[PDB]
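Consider the single chain below, provided in structure tokens and representing the form solved without the ligand.
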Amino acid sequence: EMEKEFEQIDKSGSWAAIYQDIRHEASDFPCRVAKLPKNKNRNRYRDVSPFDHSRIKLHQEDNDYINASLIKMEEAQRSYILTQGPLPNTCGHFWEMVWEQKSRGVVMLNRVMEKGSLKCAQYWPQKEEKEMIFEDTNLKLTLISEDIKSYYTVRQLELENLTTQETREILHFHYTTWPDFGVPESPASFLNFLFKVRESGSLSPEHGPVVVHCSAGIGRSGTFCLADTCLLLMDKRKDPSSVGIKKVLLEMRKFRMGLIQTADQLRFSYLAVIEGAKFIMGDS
């Protein structure tokens, strides 16, 4: 039982210690493509890079590089693409990746400005009548509708491949209330958001992998994928208490470095899974 695990760590105040064991135990694989000089301006942070073996490749000949990783959770039948918040010069690459990977949903866990600094380019349109065109990748993006709620916003976007004149509907799920510092006090609104993403079909295997990002694509983004996969495994397994958060987290870190950036995010991830378990053990 992980509810017990939680009390013992919390009573002992040993979150920082747990977190360090994860750090020391985590995989390290080469990131040679990310560190090429021609890609320096495609990385928002010098210390956050995709591993070569799991990086997403753009279907480009000049430069196929984008700071994005495929997380493949085989037992759960879930795949995610985790990426950084786009830079002013990588918005076209971002939407190219969504197109090429056949994704249905984009999950955004940050605000464009936090702590007085820009964390992400404004990569979607803010008004229906002012569409965006990405000339480098030949894509057009139109805002179709926007549903603003207290904790999150959902947008319907139309992505058009100008080369083929094909169009696809993309759902943008934007969690807007993650605090500038720390983690939410309660996981309730985070879990409600996660279940809205689930209910949309965006995580389902008929579609390409959902795209998840925050600023670096490892902290908040990691919390989202970890909670979703843990809750799914507790639905699937004969023994739900066989699901270990630390084991799942180390498996995901084989695919992208640094997932879960602070001991507070680790604690929050436990809280979200524990609370979410109450709903998937059957509270209709």
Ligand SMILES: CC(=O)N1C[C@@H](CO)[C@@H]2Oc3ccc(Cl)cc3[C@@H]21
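The numbering used is simple: start at 1 and walk along the sequence shown.
> Can you tell me whether 124 to 132 has a higher mean C-alpha B factor than 162 to 170 in this record, or the other way round?
Looking at the recorded C-alpha B-factors, 162 to 170 comes out higher on average.
> In the PDB record, does 215 to 223 or 243 to 251 carry the higher mean Cα temperature factor?
Between 243 to 251 and 215 to 223, it is 243 to 251 that shows the higher mean C-alpha B-factor.
> Would you mind finding, among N138, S103, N110, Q84, the residue with the largest C-alpha temperature factor in the entry?
Comparing C-alpha B-factors across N138, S103, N110, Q84, the top value belongs to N138.
> Out of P209, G92, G182, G201, which shows the largest CA B-factor listed in the entry?
Highest C-alpha B-factor among the listed options: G182.
> Taking the entry's C-alpha B-factors for this chain, is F195 in the lowest, middle or highest third?
Tercile = middle for this residue's CA B-factor.
> Relative to the other modelled residues of the same chain, rank the CA B-factor of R46 and answer lowest, middle or highest third.
It falls in the top third of the chain.
> Could you place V273 in the lowest, middle or highest third of its chain by Cα temperature factor, using the values in the record?
As the PDB entry reports it, the C-alpha B-factor of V273 lands in the middle third of its chain.
> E75's Cα B-factor: lowest, middle or highest third of the chain?
As the PDB entry reports it, the C-alpha B-factor of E75 lands in the highest third of its chain.
> Among the modelled residues of its chain, does the C-alpha B-factor of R55 lie in the lowest, middle or highest third?
According to the entry, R55 has a C-alpha B-factor in the chain's lowest third.
The following text describes the form deposited with the ligand bound, which does not appear among the structures shown.
> Could you list which residues of 264 to 281 come within 4.5 Å of the ligand in the bound PDB entry, counting heavy atoms only?
Residues within 4.5 Å: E275, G276, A277, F279, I280.
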